[PDB]
Each structure stands twice: as C-alpha cells, then as structure tokens.
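Below is one structure, written out as structure tokens, with a few remarks after it.
Naming convention: chains lettered A, B, ... in sequence-line order (proteins, then strands); numbering from 1 in each chain. Side chains are part of it too, since the values below use all heavy atoms of this structure and drop only hydrogens, waters and symmetry mates.
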Amino acid sequence: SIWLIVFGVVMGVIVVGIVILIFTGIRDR
Amino acid sequence: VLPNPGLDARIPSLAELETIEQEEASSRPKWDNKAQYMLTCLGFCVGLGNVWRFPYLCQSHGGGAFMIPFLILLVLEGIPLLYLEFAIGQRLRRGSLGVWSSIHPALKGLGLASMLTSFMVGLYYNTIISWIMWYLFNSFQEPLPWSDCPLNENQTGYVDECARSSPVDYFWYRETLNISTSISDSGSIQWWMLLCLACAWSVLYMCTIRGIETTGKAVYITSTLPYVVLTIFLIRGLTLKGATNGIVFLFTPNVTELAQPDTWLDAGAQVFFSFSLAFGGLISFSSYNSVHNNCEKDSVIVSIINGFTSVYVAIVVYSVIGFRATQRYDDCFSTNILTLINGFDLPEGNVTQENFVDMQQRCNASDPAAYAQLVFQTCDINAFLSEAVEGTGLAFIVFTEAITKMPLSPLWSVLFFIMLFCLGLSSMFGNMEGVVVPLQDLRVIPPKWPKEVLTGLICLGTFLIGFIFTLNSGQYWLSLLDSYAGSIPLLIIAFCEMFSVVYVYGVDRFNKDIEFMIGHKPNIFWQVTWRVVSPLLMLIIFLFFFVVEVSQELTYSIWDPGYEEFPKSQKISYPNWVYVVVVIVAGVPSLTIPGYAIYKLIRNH
Ligand SMILES: O=C(/C=C/c1ccc(C(F)(F)F)cc1)NCC(=O)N1CCNC(=O)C1
Ligand SMILES: *[C@@H]1O[C@H](CO)[C@@H](O)[C@H](O)[C@H]1NC(C)=O
C-alpha cells in the first residue's frame, strides 16, 4: 500500500535516526 | 504582601546569579543560540493551539466577532502572563515545579497541575498528529483516496454511505475512523490508526530524546517550514474563485454575537491555549537563558507574531471556506438551471443565472402543472458561508475537498499535511518539556539512568493511553477533551501563577529582579495588568465560565448512517458515566493546587 510503504520508509528513517542518536550518545564519552 | 518567611534561603541570591552562568555550564542545559530559544518559543506560542484552534473558533462563532475579544484578551491577559512566565523562569533558574515550590512550599500543587495539564494536552494533540500522518501517508496518489466512493458487491452501485454523504465525509468517518454510532459502542482498535499513533510518538521521541540538546536542532526545520508553507497556501487560497467571498465574510461580523458571553469565554480560554501558558514548558525553556536576557522584548515579539499569525491563518481558512461555499452556490445554481431545461426542454445555455427566475415564471405561466413537479433549491451564498463545521471537519473535510478540486492535488495535500505535522511536532516539544522536567524534579527515576530512558517511558506510557482514541468510538472520546473539561484547569493554573508571583513572592521583589536582569523596572503597563487587569479578568472569566459553559448540558455529534436526515447533524446527550470522566480530567489538576497545599499545612502540624 502507498500509505503503508510511505509509512514504512518514514518509520525506518525515524527509527534509524533514533538508533544513530542513542549510539551518538554512547559515542559521547 | 502575604507573609512568606524563608523565601531568600530557597531561591538563588541576586549576587549568586552573576556567578552561576560560567560555573553551571554542566548539570543544567543551555541554548546553543538565542535563535534556538526564539524558534522553540515560536513553535510553542504559534504551533497547534494557535493555528489549529483559532480558525475553528472563528468559524464556530463569527469570522470577526471572535478575533476582537481574542486580540483584547491577548493584550490584557496573555502578554502579561507571557512576560511573567519568561521572567520567573529566567530568574529562579528552575522548571514550573522548581519555580512554584521555591516561591512557597505549599505551591508544589501548582507545578503538579501544570505537569498533568501538559500530559493531557500532549495526549490530545498527538492523536490529532496521528490523524494528520494518516492523511499525509494517503497523499502520494494522483487520485487522492478521498476524491471517489467505493462500489458494492455488484461493482455497479456506490456505497450508500458515500452516496448519501460524500467521498470526503466517507473517507473521514468510515475509511479513517471506522466510527461507531455512539460513545457507548466502543467496538475495537483500528490497527491502521494504531500504526499512525506509533509513528507520531516515535518521531516525537527521535526529536525529544535529549531534551533541548535534540529539540533545539529540530526547531530549525520544525518552526520554519510551517510558516513558508502557510505563506504558499495563503497565495493559493487567495487565487481561489470565491476566496474573497469568505475574506469579506470574516471582516463583516454580526455584532449581536459580540454581546454573547460564550464568545468571551472561548476567547478567554483560547488565549491560554494559543500561547501554551499555564503548561509550564515556557518557564523551563526561559530558565535555560542568560540571566541578562531581555525577557520583556521576547514576550512582546512572541505576542505580536501570535496575534499576526492568528489573523493570517483566519485569512487562509476563510479564503478556502469562501471557495467551497461559492462552488456550492454555483453547483446548486447549475442544478436549478438543469431542472427547468429538463422539464421544458429549453435550449441548453438559453437559461443562465442572469435569466433564471424570469424563465421560471415564463415557464410557470406556459405550463404551471408541468412547473409544479419541478422541485427546486433555495440556495443563497450567505447560507453557504455561514454553514458551521463540527469537529475536525475544517482539516479533513473542507481543506481536503478543496485540495482535490485544485490541480496537482497530491502536491497541495502533501504540503498541507507536512505543514500541520511540523506545527504538531513543534507544539509537542513544549508539552513533553512540561511532563519530563517535573518528573526529573520529582526524582522518581534513578538519577544514574539517562534522560533518554525517562523520555522513552513517557512516550510509551502516553502511547498506551492513546489506544482509547484508536477505538471505533475514539473521536467521541477526543471531543470530551474539547469540552470545558480541557479548559477549567488552564484558567485555575494561570490565575494561581499570576497571584503567587504578585502576592506570595511579591511584585516589588519581582521588579528589582527584572531591573537586575534587563536594566529597567517594568513600566506602568505591566504593573496595572499584573496587579489588577490580568488577575481580575482571569477570575471573572473563570466565574462566568461555570455560569454557562459548565452549566450547559454536555452534548456531542454522532455519525449514524441509519438516521433520518442522515448526512445532517444528530447531537445527543453523553451517558451519565461520561460526565464523571470530564470531572476527573478537569478536577484532579485543579484540585491538585489546594489538595497539595492542605496536605503541606497538616504535615507542618
Ligand atoms: O479543524 C480544525 C483546524 C483546521 C485547520 C487549521 C488551520 C489550517 C490552515 F489554514 F492553517 F491551513 C487549516 C485547517 N480545528 C478543530 C478544533 O480546533 N477543534 C477544537 C474545538 N472543537 C472541536 O471539536 C475541534
Ligand atoms: C469497522 O468496525 C466494525 C465494527 O466494529 C468491524 O466489524 C470492522 O471489521 C471494522 N473495519 C472496517 C475496515 O470497517
């Protein structure tokens, strides 16, 4: 579904961002 | 003026403020730049609550009969609170819970009522954001999904619901909400709504993960995009066929309703929702500024933008309202032309709007019997412009229908839902601030644990509470928060903030404090409003608010396909149990203020 696939893409980039951000904090030492 | 002993111990010394900015570089957050703070204040005083509520209340009272009271109470009750919150935060270097607890230990209740209010308005606005995302996810389709109706098992009959209503009305109520016929009919969870709610909460967490370390970079796109896109839509809205019809319609208010206490009460309560006053985010955010930051100039700049943006968004809505009403007038007109052309077989194009009533008579005289069966419509445009929209219709019914009638309809749908999504987000950063900072200041989670852990659990907790608005009967629940239940607490907190800063902390100390921070005592404008105007107005509005708004029987609007005059409005009475919910949602926060104060003056004994 177009809405589903757009949703998935948005979720993916958002969760990836979250993961990068949390990891960035782990990097901050 | 009220006896407050030990105040000087609890609060930072005036001389200690000069030796705090360069030695508290750690432990406390700092704005990287004044721009970050100004963009955060912009997003919280001109997010949703301004841009979402104001236009609805304009068209639910009168286009211009509501802006007058709104702009009066913005100046006389809003600017004063905005300055007060900015200054008190900047002075006492703490959040809402830290600030009121340090002015007097019995006022920790004021800070707990702001955290709960902030919780509840966050829960409301993030459901609106989940709907906005549903519509943004369906905006990548050349024929927008709300432009057409579904068929029947015969794949030859349009769905009766859509047929009786519209493609848009059906996409809102059936394809999005899957709404039930009353609040008592709970049904179950709409999985596709649940996926949108998770998306809303998850994006919010990505932006608020390290408070202002992360939200201060987010605001560079989140508080700048909405204003440019709202400028583009202003142009497109003005270039509409009937745009000016609505623009003239909000600047010719009926004055008979300028004398209606409901117009004053809604404007009263809108001033606190517009600025995000009495939530406590503003106090926390101003507490991260330099002690020598000009908070007076900031409050005035934010205010001017708040008023200007309120009137601007009303122009963008009414240009689209005017466009819808004019395409109805025309449509209705073109069908009254087509009834007598089909009845008297006149040449097409012979009968026009210019020559219609004459033709009606010329034809009536020719064959009155053959004119009698010709049912017509009585459709003046002032009857179309003044047709109020219940609920969230302005966003998901009026603006969505009008975008389909525009060319490149998918590019205007994506811009519209991206604008609203960023406004939602900017507003959600303030509301999250107002829940996270108090829970940090209640030392409830292990200090060792990173804030990231606390932020995450608030997002999960509130996400789980928001499953009630994913039900078949969710909208009905969200419309209870739209009741006076969502407002009484805000009016009580705002009054108590004003009173406690002026009479419990002392306005005289507060003036010496501001004079230290910005270099001049606040002028006679602030003095009059802070000591009499704002306080008296807040008390009056609270008193009369119960006199009518609260006294009136709580009713709501149900979407029942099985109802006579079906696509028309059937308001019913909420069940008795629902009223109990309104009491707890509005009472608990309000009663937290005295409740905690009475607890503290019986522990002392
Ligand atoms: O539907 C809207 C806003 C729509 C809108 C706003 C701005 C724009 C812009 F022009 F900016 F694009 C376009 C649409 N508001 C509903 C509302 O506030 N309530 C609360 C009280 N009662 C209710 O039930 C519903
Ligand atoms: C809508 O609600 C009804 C009643 O709860 C349910 O049977 C149906 O599966 C739901 N889904 C859709 C797509 O309407």
Side-chain angles (χ1 to χ4, degrees), chain B residues 38 41-42 44-47 49-51 53-55 57-58 61-89 250-251 253 255 257-279 282-283 286 294-315 487 490-499 501-502 507 510-511 514 518 520-545:
Chain B
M38 288 307 298
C41 287
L42 178 67
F44 201 32
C45 309
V46 177
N50 185 226
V51 169
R53 301 184 180 242
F54 191 72
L57 296 158
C58 268
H61 305 229
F66 180 81
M67 306 197 265
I68 289 152
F70 171 86
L71 293 168
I72 290 156
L73 299 176
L74 180 151
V75 167
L76 279 177
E77 225 194 51
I79 321 209
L81 258 185
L82 187 65
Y83 189 8
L84 182 149
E85 283 198 1
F86 285 178
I88 195 68
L250 79 163
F251 289 125
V255 181
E257 77 160 336
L258 200 51
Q260 298 291 334
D262 291 343
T263 67
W264 288 90
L265 293 171
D266 291 36
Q270 177 51 13
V271 170
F272 305 139
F273 284 108
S274 64
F275 285 90
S276 304
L277 293 159
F279 280 116
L282 291 177
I283 297 172
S286 63
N294 193 354
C295 55
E296 194 177 51
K297 185 176 283 192
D298 300 354
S299 64
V300 169
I301 289 161
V302 168
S303 300
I304 290 161
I305 294 158
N306 203 343
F308 171 83
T309 304
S310 285
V311 175
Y312 186 111
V313 176
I315 290 149
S487 55
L490 272 191
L491 308 165
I492 291 169
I493 291 157
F495 181 77
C496 296
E497 293 189 349
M498 188 68 65
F499 178 88
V501 166
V502 167
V507 69
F510 190 67
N511 301 120
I514 289 160
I518 80 182
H520 50 92
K521 285 205 285 188
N523 75 44
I524 194 162
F525 153 63
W526 299 113
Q527 312 313 116
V528 175
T529 60
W530 296 352
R531 294 144 193 256
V532 176
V533 178
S534 303
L536 173 70
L537 301 192
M538 279 170 210
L539 172 67
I540 299 173
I541 289 169
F542 179 72
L543 301 193
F544 289 119
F545 192 62

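Looking at residues two or more places apart in sequence or on another chain, you find a side chain to side chain donor-acceptor pair (under 3.5 Å) between B:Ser310 and B:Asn50. Not counting sequence neighbours, the partners of B:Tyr312 by the ring pair (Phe, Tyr, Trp, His ring centres under 6.0 Å) test are B:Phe308. Judged as a side-chain contact (heavy atoms from CB on, under 4.5 Å), and not counting sequence neighbours, the contacts of B:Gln527 are B:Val507, B:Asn511, B:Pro522, B:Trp530, B:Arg531. Every residue two or more places apart in sequence or in another chain that forms a side-chain contact (heavy atoms from CB on, under 4.5 Å) with B:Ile304 is listed here: B:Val300. Residues passing the side-chain contact (heavy atoms from CB on, under 4.5 Å) test with B:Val532, sequence neighbours excluded: none. Legend: residues meeting ring pair (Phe, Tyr, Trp, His ring centres under 6.0 Å) with B:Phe545, ordered by chain and number and at least two apart, are absent.
Contact check for B:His61 versus B:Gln260: no side-chain heavy atoms found under the 4.5 Å cut-off. Between B:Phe510 and B:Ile514, some side-chain heavy-atom pair lies under the 4.5 Å cut-off. Proximity of B:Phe251 to B:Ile315: side-chain heavy atoms (C-beta onward) are separated by under 4.5 Å at one or more points. B:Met38 is listed as a side-chain neighbour of B:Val302, based on a closest heavy-atom distance under 4.5 Å. A 4.5 Å side-chain heavy-atom check between B:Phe542 and B:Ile492 finds at least one atom pair inside the cut-off.
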N/O donor-acceptor pairs under 3.5 Å from side chains in residues 62-88 of chain B, not counting sequence neighbours:
residue : atom : partner  : partner atom : Å
B:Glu77 : OE2  : B:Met538 : N            : 2.9
B:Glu85 : OE2  : B:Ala278 : N            : 3.1

Show me the side-chain donor-acceptor pairs of residues 269-277 of chain B shorter than 3.5 Å, one per line, residues at least two apart or across chains.
residue  : atom : partner  : partner atom : Å
B:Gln270 : NE2  : B:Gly49  : O            : 2.7
B:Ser274 : OG   : B:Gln270 : O            : 3.1
B:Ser274 : OG   : B:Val271 : O            : 2.8
B:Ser276 : OG   : B:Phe44  : O            : 2.5

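Sorted by first and then second residue, the pairs that involve residues 297-310 of chain B and meet salt bridge (charged side-chain N to carboxylate O under 4.0 Å, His left out), not counting sequence neighbours, are B:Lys34-B:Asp298.
Within the 3.5 Å criterion, the main-chain N or O of B:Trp526 finds a donor-acceptor partner in the side chain of B:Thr529.
More than 12 heavy atoms of other shown residues, nucleotides or ligands fall within 6.0 angstrom of atom CG in B:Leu543.
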